[PDB]
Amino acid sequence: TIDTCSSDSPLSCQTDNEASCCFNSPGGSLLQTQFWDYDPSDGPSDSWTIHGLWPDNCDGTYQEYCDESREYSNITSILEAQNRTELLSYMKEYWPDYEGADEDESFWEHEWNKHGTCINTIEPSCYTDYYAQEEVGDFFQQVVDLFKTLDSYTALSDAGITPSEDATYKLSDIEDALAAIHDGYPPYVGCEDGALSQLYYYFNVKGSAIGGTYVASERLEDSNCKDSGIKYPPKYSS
């Protein structure tokens, strides 16, 4: 399986070290990104959903589509072949394409191909007893594992911020509520049409992106929302 690195491995971006299987570089800022899909709605009425996991450069720029030889058009089959049946079921629920279940495959392809291929510590050469596309399944598992720790809906709810047809919200309140589950670092908060829409939680990593220690880090982009009047539209509203 993937190589293990010491739990006291040096932190990506925050240290000056050479890229290896145990050091994420140049993609040392890892973004766990989420959606609030209300029109059309997907996922549970009381949960955000997964967008992805993205390696950014430490300056906020990023690479994309970093290895054509490891781009796939069969994610669902790769997961099935690896017996990751609970993961695939979970992805259907919590990593949906808003347009419908039949577009999930294209979306998962997109995320792996664009961004997974750019995580340097995921490459087959970082495995013992590597098997074909092992790192693809591990990536989907890792995104899910990190997402589970970042329950945006509940963090917002606990701070009195819940979806509403009438209520509107202040950016700083949203930011503080979410900063509370991310070591006091707020995510990027993204709005669409004045509605709460996207979240990017930034991390630096000790060790490998698979199984390493994800340390909550400062956002390299703040928000495109207005300071107030923010709508949090209810899912499945009618």
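Just count from 1 along the sequence shown to find any residue number.
Peer 1: Comparing 158-166 with 78-86, where is the mean C-alpha B-factor higher?
Peer 2: Per the deposited B-factors, the answer is 158-166.
Peer 1: As stated in the PDB record, which stretch has the larger average Cα B-factor, 171-179 or 32-40?
Peer 2: It is 171-179.
Peer 1: Which one of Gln198, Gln63, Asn204, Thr49 shows the biggest C-alpha B-factor in the PDB entry?
Peer 2: Within the set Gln198, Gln63, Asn204, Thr49, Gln63 shows the top C-alpha B-factor.
Peer 1: Split the chain's modelled residues into thirds by Cα B-factor; is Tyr185 in the lowest, middle or highest one?
Peer 2: Ranked within chain, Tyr185 CA B lands in the highest tercile.
Peer 1: If you rank the chain by CA B-factor, which third does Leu11 end up in: lowest, middle or highest?
Peer 2: It belongs to the highest third of the chain when residues are ordered by C-alpha B-factor.
Peer 1: Going by what the PDB entry lists, where does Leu220 fall on CA B-factor within its chain: lowest, middle or highest third?
Peer 2: It falls in the top third of the chain.
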